[PDB]
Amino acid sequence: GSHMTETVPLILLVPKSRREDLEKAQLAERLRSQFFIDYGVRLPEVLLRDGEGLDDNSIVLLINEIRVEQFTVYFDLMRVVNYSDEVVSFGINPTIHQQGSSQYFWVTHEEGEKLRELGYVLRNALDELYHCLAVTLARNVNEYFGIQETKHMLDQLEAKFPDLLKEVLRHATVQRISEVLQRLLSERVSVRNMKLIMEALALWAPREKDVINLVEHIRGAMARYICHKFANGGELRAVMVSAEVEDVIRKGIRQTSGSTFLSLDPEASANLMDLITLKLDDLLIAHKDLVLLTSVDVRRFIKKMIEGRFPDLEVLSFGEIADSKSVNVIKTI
């Protein structure tokens, strides 16, 4: 460990009424172990604290002792991941939580079993809580991960692939590598496969000195791993960006002698955001459980544009999902 982790614990405010059960379930320990498995980096220590005034189905995450997000988890119910309105036709009244324009639908255990037979996918409450936390923690990676962690990882790798590390370091500094890794994690891409990441840096770093651009190439190299992560072991649920919207973005792109950036009139960008908002508004699958699909040329710009309003909606390129299996496009923007 380094200071990055060691000096800055995460705090979960939980209901007093659930504390003992969350201890028994080893919430804190399992969050830490699973996150490491899933993303390849270590979280800080996780402290539980009883939260004043919390109902029985609420959790708050504090980073740096500051409230970051409040989650609703129906501990005694089941979440319907691929909900549709058809469910109400069957005489089920779900329990519904909304955060922004994302909606979450919960049913009884008995109702769940019924729904499964009709091909709905269910998630248990602790599994949902872990997903919520993980998504939010990935985004906030810079709070607990940096050069010290990167250097450790490089050192571990070196012990195994010395010549590979040698080559990479000739073309990228530790700082630059750390930046690449943070940018991957912040977009929910795992860094567990360090060997592959390093092979891609050895290929690309000699030639690409702009960090944003470099990251895009690395993502490309890692395509299989990105896809497998997002899709889990299930179908990939997606919203497609229309050729129309792609073009608005494309026209706004300016190439320089340095970085490539998006340059849209503020009114124009606001109007485009209003359109994206409108198209997303009536979705019944939560944003963290979706991806937006677009062309490689516009992917990173679309991500930057929407992340203010829609922080939990990741954006993949068509190439990134080349190894996909079942894909379900639920909507076009």
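So that there is no doubt, residue numbering starts at 1 and follows the sequence shown.
With 120-128 and 156-164 compared on mean CA B-factor from the PDB entry, the stretch scoring higher is 156-164. Out of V241, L236, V73, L181, it is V73 whose C-alpha atom has the highest B-factor in the PDB entry. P9 sits in the highest third of its chain by CA B factor, as recorded in the PDB entry. In this PDB entry, the Cα temperature factor of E314 sits in the middle third of its chain's modelled residues. In this PDB entry, the Cα temperature factor of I302 sits in the bottom third of its chain's modelled residues, the lowest group. Looking at the C-alpha B-factors along this chain, the one for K24 belongs to the middle third. When the modelled residues of the chain are ordered by their C-alpha B factor, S58 lands in the lowest third.
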